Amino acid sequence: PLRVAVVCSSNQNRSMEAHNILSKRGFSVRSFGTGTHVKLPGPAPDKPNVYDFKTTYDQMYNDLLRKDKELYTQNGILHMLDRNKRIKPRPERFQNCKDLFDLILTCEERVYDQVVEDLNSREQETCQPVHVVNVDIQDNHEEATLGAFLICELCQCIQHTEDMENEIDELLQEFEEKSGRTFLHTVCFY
């Protein structure tokens, strides 16, 4: 098969939209964020809502309907938190993960940098490679949904190859030319 990780910054939107699609279509998948904090959209783009990764989805749900029941229903954040609850109790920091993956996919170049920086700085024990791929997905419901379906077609495509390492780059190129989107690609080592 293919053990996949999906990674973005807050482990809320894009990365959970992909978690959800991959999980329901039979992939073994985990999702994480890399950002310093968990950020939910707030009253104004300059003042988001900020949490620690220890914080439950359910918790954020009530911290938010304590703020403005109305603002978080209309902007879909409450429905998202409820959807995330059903997958996983709390968001997770990539830098604290200890499990191994075959393929880590990132949803923003900045995160790709954080994943690379993190994996390059760890104790290398084994030299087992893990492939890291980026696709920039804007942070909104629509793009996140679209980006999850694209990530799913990608993994489904990678899973049909006979030899992943030998042909992943040809597939990513096929995918850039079909999708109009660029796919950065690198390897880190365990």
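In this text, residue numbers run from 1 along the sequence as written.
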Legend entry - Mean Cα B-factor comparison, 12-20 or 175-183, giving the higher one as deposited: 175-183
Inset, instruction - Would you determine, from the values in the PDB entry, which of 56-64 and 128-136 has the greater average C-alpha temperature factor? - result: 56-64
Inset, instruction - Check the PDB entry and point out which of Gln156, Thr34, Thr145, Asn49 has the largest C-alpha temperature factor. - result: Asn49
Legend entry - Third of the chain, ranked by Cα B-factor, where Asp163 sits: middle
Legend entry - Among modelled residues of the same chain, the CA temperature factor third for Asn75: highest
Legend entry - Lowest, middle or highest third - CA B-factor, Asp82: highest
Inset, instruction - Within this chain's modelled residues, let me know which third the CA B factor of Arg30 belongs to: lowest, middle or highest. - result: lowest
